[PDB]
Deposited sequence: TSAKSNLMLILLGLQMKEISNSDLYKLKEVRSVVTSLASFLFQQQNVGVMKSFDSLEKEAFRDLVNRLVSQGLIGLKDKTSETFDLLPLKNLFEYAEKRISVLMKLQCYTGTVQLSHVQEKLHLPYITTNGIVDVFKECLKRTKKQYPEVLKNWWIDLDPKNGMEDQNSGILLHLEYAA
């Protein structure tokens, strides 16, 4: 639980179909996350360089936000107002959940998820392999929590696709 994963979840659980970059920043839980990456950026400045901490908070914040946009988890719905579309993230999570639950009802152990298939089922050509793993990683984590009696452990290998590994308890 750190960095853009924490922001990923903040977003994931928002209820809004979208949110403006502006508003998103004013959220308390989001500030805790940037102030954290903020301290790293301060330690990382080159000799002689000295930006204000706020300059670093805002900078950390844009970096945290782009981390998700570059993997396709959130979409920049409107550049003009800096509004993000939170749906790609909510659908990608939902799609994850469904796959995990079916593979389990089938006792699959090891199964593949192709990136192109996910881009096609949902309708987002910008999702990336990293974006897919981070979502399935979180879902597999929650699944083990809600069903200890079913899922013992899990792993995600890579191909352009992820290889999901599942091992059961009873």
Exercise for review: Quickly check which stretches of the deposited sequence aren't in the model, judged by C-alpha, and list them in order.
Suggested key: 160 to 168
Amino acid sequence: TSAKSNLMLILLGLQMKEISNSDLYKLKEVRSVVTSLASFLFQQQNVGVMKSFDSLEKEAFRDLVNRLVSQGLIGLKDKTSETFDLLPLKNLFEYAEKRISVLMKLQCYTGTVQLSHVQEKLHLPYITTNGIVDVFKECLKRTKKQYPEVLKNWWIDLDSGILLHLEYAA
From here on, numbers count along this sequence of modelled residues.
Exercise for review: Would you mind comparing 25 to 33 and 98 to 106 for me and telling me which has the higher average C-alpha temperature factor in the entry?
Suggested key: 25 to 33
Check your understanding: On average, which has the higher Cα B-factor in the deposited entry, 46 to 54 or 107 to 115?
Key -> 46 to 54
Check your understanding: Among the chain's modelled residues, which third holds the C-alpha B-factor of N66?
Key -> highest
Point to revise | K137 by Cα B-factor - lowest, middle or highest third of the modelled chain | key: lowest
Point to revise | Chain third (lowest, middle, highest) by recorded CA B-factor, residue given as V150 | key: middle
**Study point:** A169 by Cα B-factor - lowest, middle or highest third of the modelled chain
**Key:** highest
Exercise for review: Looking at the entry's B-factor column for C-alpha atoms only, identify whether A38 ranks in the lowest, middle or highest third of its chain.
Suggested key: middle
